[PDB]
>>> print(open('my_file_34.cif').read())   # mmCIF, C-alpha atoms and all ligand atoms
data_run
loop_
_atom_site.label_atom_id
_atom_site.label_comp_id
_atom_site.auth_asym_id
_atom_site.auth_seq_id
_atom_site.Cartn_x
_atom_site.Cartn_y
_atom_site.Cartn_z
CA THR A 25 1.10 -2.89 -9.02
CA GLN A 26 4.12 -5.17 -8.54
CA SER A 27 6.73 -2.62 -7.45
CA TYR A 28 9.56 -3.26 -4.97
CA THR A 29 10.37 -1.24 -1.87
CA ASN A 30 13.05 -1.48 0.82
CA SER A 31 12.00 -2.47 4.35
CA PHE A 32 14.53 -0.62 6.48
CA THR A 33 14.50 -1.99 10.06
CA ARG A 34 11.13 -3.68 10.60
CA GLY A 35 10.03 -7.17 11.54
CA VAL A 36 11.33 -8.13 14.99
CA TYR A 37 9.27 -9.92 17.63
CA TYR A 38 9.88 -11.29 21.11
CA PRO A 39 11.25 -14.85 20.74
CA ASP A 40 10.06 -16.10 24.14
CA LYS A 41 8.06 -15.17 27.22
CA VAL A 42 10.93 -15.03 29.72
CA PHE A 43 11.66 -11.52 30.97
CA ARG A 44 15.17 -10.12 30.55
CA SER A 45 16.83 -6.79 31.26
CA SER A 46 19.96 -5.02 29.97
CA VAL A 47 21.41 -8.12 28.29
CA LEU A 48 22.68 -8.46 24.72
CA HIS A 49 21.17 -11.77 23.61
CA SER A 50 21.80 -13.83 20.47
CA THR A 51 19.01 -15.92 18.96
CA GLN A 52 18.47 -18.00 15.82
CA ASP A 53 14.90 -17.73 14.51
CA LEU A 54 12.73 -16.94 11.52
CA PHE A 55 12.95 -13.23 10.76
CA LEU A 56 12.58 -10.67 8.00
CA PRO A 57 16.11 -9.78 6.81
CA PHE A 58 17.09 -6.13 7.06
CA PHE A 59 16.94 -4.03 3.90
CA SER A 60 14.95 -6.66 2.01
CA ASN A 61 12.45 -5.83 -0.71
CA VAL A 62 8.66 -6.05 -0.43
CA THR A 63 5.94 -5.89 -3.07
CA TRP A 64 2.97 -3.52 -3.27
CA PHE A 65 -0.32 -5.28 -3.95
CA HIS A 66 -3.05 -2.72 -4.53
CA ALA A 67 -6.82 -2.30 -4.44
CA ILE A 68 -8.36 0.17 -6.89
CA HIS A 69 -11.70 0.96 -8.54
CA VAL A 70 -11.10 -0.76 -11.87
CA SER A 71 -14.02 0.95 -13.63
CA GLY A 72 -15.89 1.09 -10.33
CA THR A 73 -19.00 2.59 -11.92
CA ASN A 74 -19.54 -0.88 -13.41
CA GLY A 75 -19.02 -4.26 -11.78
CA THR A 76 -15.70 -4.70 -13.56
CA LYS A 77 -13.40 -7.23 -11.91
CA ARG A 78 -10.36 -5.80 -10.12
CA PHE A 79 -8.28 -8.92 -9.32
CA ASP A 80 -6.87 -7.08 -6.30
CA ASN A 81 -6.90 -10.24 -4.12
CA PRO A 82 -4.53 -12.88 -5.55
CA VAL A 83 -3.09 -16.06 -4.01
CA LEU A 84 0.45 -16.12 -2.65
CA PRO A 85 2.87 -19.01 -1.95
CA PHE A 86 3.17 -18.60 1.86
CA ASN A 87 6.76 -19.82 2.12
CA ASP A 88 7.50 -20.15 5.86
CA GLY A 89 5.36 -17.46 7.40
CA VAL A 90 4.29 -14.01 6.24
CA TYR A 91 5.00 -10.43 7.28
CA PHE A 92 2.24 -7.90 6.75
CA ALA A 93 1.69 -4.16 7.11
CA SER A 94 -1.19 -1.81 6.39
CA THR A 95 -1.46 1.99 6.56
CA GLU A 96 -5.04 3.22 6.19
CA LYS A 97 -7.41 5.38 8.20
CA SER A 98 -10.59 3.30 7.76
CA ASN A 99 -11.53 -0.32 8.54
CA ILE A 100 -11.33 -1.40 4.89
CA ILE A 101 -8.93 -4.27 5.58
CA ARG A 102 -10.70 -6.99 7.57
CA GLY A 103 -10.02 -10.69 7.44
CA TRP A 104 -7.68 -13.25 5.90
CA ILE A 105 -8.26 -16.74 4.49
CA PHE A 106 -5.62 -19.47 4.58
CA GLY A 107 -5.16 -23.05 3.46
CA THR A 108 -3.47 -25.29 0.92
CA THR A 109 -6.77 -26.26 -0.76
CA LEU A 110 -9.57 -23.69 -0.32
CA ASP A 111 -11.75 -26.54 -1.58
CA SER A 112 -14.23 -29.13 -0.31
CA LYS A 113 -11.51 -31.73 0.32
CA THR A 114 -9.64 -30.08 3.20
CA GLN A 115 -10.32 -27.48 5.89
CA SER A 116 -9.74 -23.73 5.58
CA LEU A 117 -9.01 -20.96 8.08
CA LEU A 118 -11.08 -17.78 8.40
CA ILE A 119 -10.00 -14.81 10.52
CA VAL A 120 -12.87 -12.48 9.62
CA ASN A 121 -13.47 -9.55 11.98
CA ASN A 122 -16.74 -8.16 13.34
CA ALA A 123 -17.49 -4.57 14.36
CA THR A 124 -15.79 -4.91 17.77
CA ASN A 125 -15.07 -8.65 17.73
CA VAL A 126 -13.15 -11.32 15.84
CA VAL A 127 -14.11 -14.92 15.09
CA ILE A 128 -11.61 -17.54 13.91
CA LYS A 129 -13.26 -20.52 12.24
CA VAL A 130 -11.38 -23.50 10.85
CA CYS A 131 -13.96 -25.19 8.64
CA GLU A 132 -14.51 -26.57 5.15
CA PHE A 133 -15.36 -23.60 2.92
CA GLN A 134 -16.47 -25.25 -0.32
CA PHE A 135 -17.20 -22.31 -2.62
CA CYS A 136 -15.79 -18.79 -2.40
CA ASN A 137 -17.19 -17.03 -5.47
CA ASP A 138 -15.72 -13.52 -5.01
CA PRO A 139 -15.70 -10.64 -2.51
CA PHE A 140 -18.95 -8.68 -2.59
CA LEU A 141 -19.00 -5.47 -4.60
CA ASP A 142 -21.44 -2.59 -4.94
CA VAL A 143 -21.97 -1.79 -8.61
CA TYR A 144 -21.83 1.97 -7.99
CA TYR A 145 -18.68 1.62 -5.83
CA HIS A 146 -18.86 5.26 -4.73
CA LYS A 147 -18.10 6.32 -1.16
CA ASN A 148 -18.08 10.04 -2.00
CA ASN A 149 -21.90 10.04 -1.83
CA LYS A 150 -22.91 7.18 0.50
CA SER A 151 -20.70 6.11 3.40
CA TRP A 152 -22.71 3.13 4.69
CA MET A 153 -21.70 -0.44 3.78
CA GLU A 154 -24.06 -2.64 5.80
CA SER A 155 -24.23 -6.45 6.12
CA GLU A 156 -23.03 -7.54 2.68
CA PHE A 157 -20.52 -10.30 3.52
CA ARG A 158 -21.32 -13.93 2.68
CA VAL A 159 -18.49 -15.94 1.11
CA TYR A 160 -18.95 -19.50 2.38
CA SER A 161 -21.85 -21.75 1.37
CA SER A 162 -21.61 -25.25 2.89
CA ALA A 163 -20.19 -25.74 6.39
CA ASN A 164 -19.35 -29.44 6.63
CA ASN A 165 -17.62 -31.17 9.56
CA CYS A 166 -15.44 -28.78 11.58
CA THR A 167 -14.77 -27.58 15.12
CA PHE A 168 -12.51 -25.04 16.91
CA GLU A 169 -14.50 -21.83 16.46
CA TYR A 170 -12.22 -19.73 18.63
CA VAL A 171 -13.57 -16.37 19.78
CA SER A 172 -11.89 -13.59 21.75
CA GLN A 173 -11.35 -9.84 21.91
CA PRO A 174 -10.88 -8.25 18.46
CA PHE A 175 -7.34 -8.17 17.10
CA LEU A 176 -7.60 -4.64 15.72
CA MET A 177 -8.49 -1.69 17.93
CA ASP A 178 -9.43 1.43 15.98
CA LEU A 179 -6.85 4.15 16.53
CA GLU A 180 -8.84 7.22 15.53
CA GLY A 181 -7.28 9.40 12.84
CA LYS A 182 -7.74 13.15 13.05
CA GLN A 183 -6.27 16.49 11.93
CA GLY A 184 -4.73 14.90 8.83
CA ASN A 185 -1.20 13.48 8.35
CA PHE A 186 -1.92 11.24 11.36
CA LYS A 187 -3.15 7.67 10.88
CA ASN A 188 -2.54 4.27 12.44
CA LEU A 189 -0.12 1.70 11.04
CA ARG A 190 -0.78 -2.00 11.62
CA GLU A 191 1.94 -4.64 11.57
CA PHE A 192 1.37 -8.39 11.71
CA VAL A 193 3.42 -11.57 11.46
CA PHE A 194 1.80 -14.95 10.81
CA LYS A 195 3.68 -18.17 11.58
CA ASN A 196 2.48 -21.79 11.57
CA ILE A 197 4.92 -24.37 12.95
CA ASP A 198 4.64 -27.71 14.79
CA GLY A 199 0.85 -27.54 14.90
CA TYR A 200 0.87 -24.07 16.50
CA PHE A 201 -0.37 -20.90 14.80
CA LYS A 202 1.07 -17.63 16.11
CA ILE A 203 0.02 -14.09 15.20
CA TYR A 204 2.22 -11.22 16.38
CA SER A 205 0.64 -7.79 16.13
CA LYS A 206 1.56 -4.16 16.70
CA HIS A 207 -0.20 -0.81 16.35
CA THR A 208 1.84 2.32 15.64
CA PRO A 209 -0.27 5.50 15.84
CA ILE A 210 2.61 7.55 14.38
CA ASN A 211 3.20 7.38 10.63
CA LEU A 212 3.45 11.05 9.48
CA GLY A 213 4.19 11.54 5.79
CA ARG A 214 5.98 8.23 5.13
CA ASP A 215 4.20 4.98 4.32
CA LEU A 216 7.16 2.98 5.70
CA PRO A 217 8.80 5.34 8.21
CA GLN A 218 12.20 4.75 9.73
CA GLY A 219 12.31 3.59 13.33
CA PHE A 220 12.50 0.51 15.53
CA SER A 221 9.52 -1.16 17.19
CA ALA A 222 8.92 -4.67 18.51
CA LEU A 223 5.96 -6.90 17.62
CA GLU A 224 3.77 -7.98 20.52
CA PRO A 225 2.56 -11.59 20.60
CA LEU A 226 -1.23 -11.59 20.79
CA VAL A 227 -2.66 -15.11 20.39
CA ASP A 228 -1.55 -18.75 20.05
CA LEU A 229 -4.15 -20.91 18.33
CA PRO A 230 -3.60 -24.69 18.12
CA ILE A 231 -4.91 -26.05 14.81
CA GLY A 232 -2.22 -28.11 13.12
CA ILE A 233 -3.33 -27.90 9.47
CA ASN A 234 -0.60 -27.37 6.88
CA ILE A 235 -0.78 -24.01 5.09
CA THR A 236 0.41 -23.42 1.53
CA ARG A 237 -1.90 -20.67 0.22
CA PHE A 238 -3.61 -17.56 1.52
CA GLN A 239 -5.84 -14.79 0.22
CA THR A 240 -6.99 -11.45 1.60
CA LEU A 241 -10.61 -10.39 2.13
CA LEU A 242 -11.20 -6.72 1.29
CA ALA A 243 -14.35 -4.60 1.48
CA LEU A 244 -14.38 -4.57 -2.31
CA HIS A 245 -17.60 -2.54 -2.58
CA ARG A 246 -15.41 0.56 -2.57
CA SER A 247 -11.86 1.52 -1.59
CA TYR A 248 -11.12 5.19 -2.17
CA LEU A 249 -7.91 7.23 -2.42
CA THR A 250 -6.35 4.71 -4.78
CA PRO A 251 -3.76 5.39 -7.48
CA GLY A 252 -2.95 2.59 -9.89
CA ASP A 253 -0.71 1.64 -12.79
CA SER A 254 -0.07 -1.31 -15.09
CA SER A 255 3.69 -1.37 -14.42
CA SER A 256 5.54 -4.42 -13.12
CA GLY A 257 8.94 -5.22 -11.66
CA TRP A 258 11.07 -2.57 -9.93
CA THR A 259 8.77 0.45 -10.27
CA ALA A 260 7.29 3.25 -8.14
CA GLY A 261 3.76 4.11 -7.04
CA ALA A 262 1.48 3.53 -4.04
CA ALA A 263 -0.54 0.54 -2.85
CA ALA A 264 -0.90 0.88 0.95
CA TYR A 265 -0.81 -2.93 1.21
CA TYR A 266 2.51 -4.73 1.68
CA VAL A 267 3.83 -8.27 2.14
CA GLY A 268 7.14 -9.94 3.02
CA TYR A 269 8.65 -13.38 3.49
CA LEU A 270 10.67 -14.64 6.45
CA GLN A 271 13.90 -16.63 6.48
CA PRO A 272 15.82 -18.64 9.11
CA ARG A 273 18.29 -15.97 10.23
CA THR A 274 20.33 -15.18 13.34
CA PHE A 275 19.80 -11.95 15.26
CA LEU A 276 21.35 -10.09 18.18
CA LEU A 277 18.94 -8.13 20.38
CA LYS A 278 19.53 -5.39 22.96
CA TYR A 279 16.97 -5.60 25.74
CA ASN A 280 16.42 -2.36 27.63
CA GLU A 281 16.58 -2.03 31.41
CA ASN A 282 12.77 -2.05 31.56
CA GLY A 283 12.57 -5.13 29.33
CA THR A 284 11.84 -3.82 25.83
CA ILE A 285 13.84 -4.54 22.68
CA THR A 286 15.58 -1.39 21.45
CA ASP A 287 18.12 -2.37 18.78
CA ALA A 288 18.91 -5.48 16.76
CA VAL A 289 21.57 -6.57 14.28
CA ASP A 290 21.53 -9.44 11.80
CA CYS A 291 24.65 -11.59 11.49
CA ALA A 292 24.39 -12.08 7.72
CA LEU A 293 24.05 -8.63 6.11
CA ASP A 294 27.44 -6.93 6.42
CA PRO A 295 30.97 -7.97 7.46
CA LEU A 296 30.81 -5.22 10.09
CA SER A 297 27.61 -6.80 11.41
CA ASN B 542 6.82 -24.93 44.30
CA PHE B 543 5.18 -22.84 41.57
CA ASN B 544 3.33 -24.60 38.72
CA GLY B 545 5.88 -27.42 38.93
CA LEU B 546 9.01 -25.28 39.42
CA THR B 547 10.81 -26.50 42.53
CA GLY B 548 13.18 -24.15 44.33
CA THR B 549 14.47 -22.88 47.65
CA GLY B 550 15.15 -19.37 48.90
CA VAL B 551 13.65 -16.12 50.12
CA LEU B 552 10.71 -14.38 48.45
CA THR B 553 10.26 -10.61 48.51
CA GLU B 554 8.10 -8.15 46.61
CA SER B 555 10.02 -6.24 43.94
CA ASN B 556 9.28 -3.43 41.50
CA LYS B 557 9.55 -5.55 38.36
CA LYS B 558 7.52 -4.14 35.46
CA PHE B 559 6.50 -7.51 34.07
CA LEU B 560 4.43 -7.20 30.91
CA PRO B 561 1.17 -9.18 30.80
CA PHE B 562 2.46 -11.85 28.41
CA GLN B 563 5.83 -12.12 30.18
CA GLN B 564 5.66 -14.72 32.94
CA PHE B 565 9.12 -15.77 34.19
CA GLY B 566 12.16 -13.74 35.12
CA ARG B 567 15.65 -14.80 34.12
CA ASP B 568 19.22 -13.52 34.06
CA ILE B 569 22.72 -14.76 33.21
CA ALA B 570 23.35 -18.53 33.46
CA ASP B 571 19.68 -19.58 33.14
CA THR B 572 18.91 -18.69 36.76
CA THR B 573 15.28 -18.04 37.68
CA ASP B 574 14.79 -14.66 39.34
CA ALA B 575 11.03 -13.97 39.53
CA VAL B 576 7.91 -16.11 39.26
CA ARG B 577 4.22 -15.43 38.64
CA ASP B 578 1.73 -16.75 41.17
CA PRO B 579 -0.67 -19.34 39.69
CA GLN B 580 -3.63 -17.76 41.53
CA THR B 581 -2.96 -14.06 42.14
CA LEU B 582 -1.36 -11.70 39.64
CA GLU B 583 1.79 -10.77 41.53
CA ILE B 584 5.48 -10.78 40.59
CA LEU B 585 8.06 -11.28 43.33
CA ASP B 586 11.85 -11.46 43.48
CA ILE B 587 13.49 -14.73 44.53
CA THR B 588 16.90 -14.68 46.21
CA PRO B 589 19.01 -17.68 47.25
CA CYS B 590 19.48 -18.33 50.95
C1 LIG A 601 14.89 -6.36 -4.25
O1 LIG A 601 14.18 -5.22 -4.75
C2 LIG A 601 15.06 -4.16 -5.17
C3 LIG A 601 14.19 -2.98 -5.51
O2 LIG A 601 13.34 -2.64 -4.42
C4 LIG A 601 15.92 -4.63 -6.34
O3 LIG A 601 16.82 -3.59 -6.71
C5 LIG A 601 16.71 -5.88 -5.96
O4 LIG A 601 17.37 -6.41 -7.10
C6 LIG A 601 15.77 -6.94 -5.37
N1 LIG A 601 16.48 -8.16 -4.98
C7 LIG A 601 17.42 -8.33 -4.02
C8 LIG A 601 17.81 -7.12 -3.20
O5 LIG A 601 17.93 -9.42 -3.82
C1 LIG A 602 -19.59 -11.99 13.99
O1 LIG A 602 -20.16 -12.10 12.69
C2 LIG A 602 -20.46 -13.45 12.31
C3 LIG A 602 -20.99 -13.39 10.89
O2 LIG A 602 -22.41 -13.26 10.88
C4 LIG A 602 -21.44 -14.08 13.29
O3 LIG A 602 -21.62 -15.45 12.95
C5 LIG A 602 -20.92 -13.97 14.72
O4 LIG A 602 -21.91 -14.43 15.63
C6 LIG A 602 -20.57 -12.52 15.03
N1 LIG A 602 -20.03 -12.41 16.38
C7 LIG A 602 -20.02 -11.26 17.07
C8 LIG A 602 -19.42 -11.34 18.45
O5 LIG A 602 -20.46 -10.22 16.61
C1 LIG A 603 -17.07 -34.56 7.49
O1 LIG A 603 -17.12 -35.77 8.26
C2 LIG A 603 -18.28 -36.58 8.03
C3 LIG A 603 -18.16 -37.78 8.94
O2 LIG A 603 -16.96 -38.50 8.69
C4 LIG A 603 -18.37 -36.97 6.55
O3 LIG A 603 -19.59 -37.68 6.33
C5 LIG A 603 -18.32 -35.73 5.67
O4 LIG A 603 -18.29 -36.11 4.30
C6 LIG A 603 -17.09 -34.90 6.00
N1 LIG A 603 -17.03 -33.71 5.18
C7 LIG A 603 -15.88 -33.17 4.76
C8 LIG A 603 -15.99 -31.94 3.92
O5 LIG A 603 -14.79 -33.66 5.05
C1 LIG A 604 -0.51 -29.74 2.57
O1 LIG A 604 -1.66 -30.57 2.72
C2 LIG A 604 -2.30 -30.91 1.47
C3 LIG A 604 -3.53 -31.72 1.81
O2 LIG A 604 -4.71 -31.08 1.35
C4 LIG A 604 -1.32 -31.65 0.56
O3 LIG A 604 -1.93 -31.86 -0.71
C5 LIG A 604 -0.03 -30.85 0.38
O4 LIG A 604 0.92 -31.62 -0.34
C6 LIG A 604 0.54 -30.46 1.74
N1 LIG A 604 1.74 -29.65 1.58
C7 LIG A 604 2.97 -30.18 1.55
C8 LIG A 604 4.09 -29.20 1.37
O5 LIG A 604 3.17 -31.38 1.66
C1 LIG A 605 11.20 2.48 32.42
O1 LIG A 605 9.83 2.66 32.77
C2 LIG A 605 9.62 3.67 33.77
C3 LIG A 605 8.14 3.67 34.07
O2 LIG A 605 7.40 4.27 33.01
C4 LIG A 605 10.13 5.02 33.28
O3 LIG A 605 10.02 5.97 34.33
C5 LIG A 605 11.58 4.91 32.84
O4 LIG A 605 12.01 6.13 32.25
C6 LIG A 605 11.74 3.78 31.83
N1 LIG A 605 13.14 3.63 31.44
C7 LIG A 605 13.60 4.00 30.24
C8 LIG A 605 12.60 4.59 29.29
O5 LIG A 605 14.78 3.86 29.93
#
>>> encode(input="my_file_34.cif", output="structure tokens", more="lines below")
Ligand SMILES: *[C@@H]1O[C@H](CO)[C@@H](O)[C@H](O)[C@H]1NC(C)=O
Ligand SMILES: *[C@@H]1O[C@H](CO)[C@@H](O)[C@H](O)[C@H]1NC(C)=O
Ligand SMILES: *[C@@H]1O[C@H](CO)[C@@H](O)[C@H](O)[C@H]1NC(C)=O
Ligand SMILES: *[C@@H]1O[C@H](CO)[C@@H](O)[C@H](O)[C@H]1NC(C)=O
Ligand SMILES: *[C@@H]1O[C@H](CO)[C@@H](O)[C@H](O)[C@H]1NC(C)=O
Amino acid sequence: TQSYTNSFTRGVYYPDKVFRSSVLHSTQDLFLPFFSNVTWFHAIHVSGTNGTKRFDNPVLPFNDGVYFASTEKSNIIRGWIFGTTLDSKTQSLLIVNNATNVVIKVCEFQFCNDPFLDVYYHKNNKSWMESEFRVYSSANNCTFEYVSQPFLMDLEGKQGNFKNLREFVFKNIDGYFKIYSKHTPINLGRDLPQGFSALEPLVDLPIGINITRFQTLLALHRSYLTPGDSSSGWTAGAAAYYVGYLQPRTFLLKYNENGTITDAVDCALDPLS
Amino acid sequence: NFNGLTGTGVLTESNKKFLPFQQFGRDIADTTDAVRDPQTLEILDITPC
């Protein structure tokens, strides 16, 4: 799947820590332009009865930060890998997640063969996937094994038509790595529903390594409820796994009286704007 | 003096709903309005003499 879909009004985060109230403020920062297009990368059982390769986890350019969204009821999505090398020459970043914990490890990951996969790849019969994650082989010189409270907190889905939506923004500038996160329990029947919501800053990890590639780590043993097609370009379908690229834009934000961003307008989309 | 932020005035408790990540308070003309105590977790209004 390589379709294209419009991102209506998403991708705004608090520029700075200072509190403000009831002020219209203009800022110039990296942002996701309104009404831009985003691709749908997909995970599917490509002949899941056999160990047939799926190629659902490709490598992307990472041009000046990445926007990310995911709309699923399970914990299938867990972990990202970054780096310009992913080799033995230079370090690599791992943001793998535990059951109720996260560990961030910048270290030299020499060989990453492939995500682990159960040959049966059926979750309609067995629902347990236990301790089957080993991707890195040789851990050479490295430090900064940051540990804290888990990024994701499981918003339980029940009664149907009600699942959590996760939004993330990854930036790496001037030796500082910033991850803005937001959980929206309300998604209803739309994968990318209309509405305005800010992105909460969560962590600030000093590393300082230049990033030019990234890849996503899926629980590739099985991922159910997955349509797929061989189409490319401007098409239609479903992938439940998005991505977007930021640009150096200028925004105007309307802080509420309590101190929460309510509306925003970009100064480059429309003459009226 | 708070964390290296010199100032002068009167300090009084105020009902400012500061979010956990938000630390300083500010308004028009880059004027500091509230500060966060380096030891206790309290937010207080600052008013010039
Ligand atoms: C963005 O994607 C849309 C389809 O979603 C396409 O029509 C358009 O040409 C693409 N490029 C833009 C808007 O620059
Ligand atoms: C998380 O899992 C990794 C992988 O085995 C392990 O090294 C680490 O100690 C675990 N941490 C927690 C808090 O579970
Ligand atoms: C790590 O540093 C040690 C000491 O300089 C060196 O012997 C080793 O080859 C280094 N390994 C990598 C992968 O850079
Ligand atoms: C990022 O660092 C690597 C070193 O492994 C280097 O080869 C690459 O050119 C750097 N990226 C840029 C844009 O210079
Ligand atoms: C600001 O927060 C208070 C406390 O929850 C609430 O009573 C008030 O309605 C809020 N103001 C809004 C939503 O405009």
>>> interface_residues(input="my_file_34.cif", of="chain A", to="chain B", cutoff="6 Å", atoms="only C-alpha atoms", output="PyMOL selection string")
chain A and resi 41-44
>>> axis_aligned_box(input="my_file_34.cif", around="ligand LIG 604 (chain A)", padding_each_side="5 Å", output="AutoDock Vina command-line options")
--center_x -0.3 --center_y -30.5 --center_z 1.0 --size_x 18.8 --size_y 12.7 --size_z 13.4
>>> residues_around(input="my_file_34.cif", residues="residue 71 (chain A)", least_positions_apart="2", cutoff="12 Å", atoms="all atoms listed in the file", output="mmCIF file with C-alpha atoms, in the coordinates of the input")
data_model
loop_
_atom_site.group_PDB
_atom_site.id
_atom_site.type_symbol
_atom_site.label_atom_id
_atom_site.label_comp_id
_atom_site.auth_asym_id
_atom_site.auth_seq_id
_atom_site.Cartn_x
_atom_site.Cartn_y
_atom_site.Cartn_z
ATOM 1 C CA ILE A 68 -8.360 0.170 -6.890
ATOM 2 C CA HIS A 69 -11.700 0.960 -8.540
ATOM 3 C CA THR A 73 -19.000 2.590 -11.920
ATOM 4 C CA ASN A 74 -19.540 -0.880 -13.410
ATOM 5 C CA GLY A 75 -19.020 -4.260 -11.780
ATOM 6 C CA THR A 76 -15.700 -4.700 -13.560
ATOM 7 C CA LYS A 77 -13.400 -7.230 -11.910
ATOM 8 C CA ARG A 78 -10.360 -5.800 -10.120
ATOM 9 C CA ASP A 142 -21.440 -2.590 -4.940
ATOM 10 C CA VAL A 143 -21.970 -1.790 -8.610
ATOM 11 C CA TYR A 144 -21.830 1.970 -7.990
ATOM 12 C CA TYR A 145 -18.680 1.620 -5.830
ATOM 13 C CA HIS A 146 -18.860 5.260 -4.730
ATOM 14 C CA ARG A 246 -15.410 0.560 -2.570
ATOM 15 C CA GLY A 252 -2.950 2.590 -9.890
#
>>> atom_distance(input="my_file_34.cif", atom1="CA of residue 87 (chain A)", atom2="CA of residue 29 (chain A)")
19.3 Å
>>> residues_around(input="my_file_34.cif", residues="residue 551 (chain B)", least_positions_apart="2", cutoff="12 Å", atoms="all atoms listed in the file", output="PyMOL selection string")
chain B and resi 548-549+553-554+574-575+585-590
>>> closest_residue(input="my_file_34.cif", among="A:66, A:97, A:34, A:278", to="residue 184 (chain A)", atoms="all atoms listed in the file")
A:97
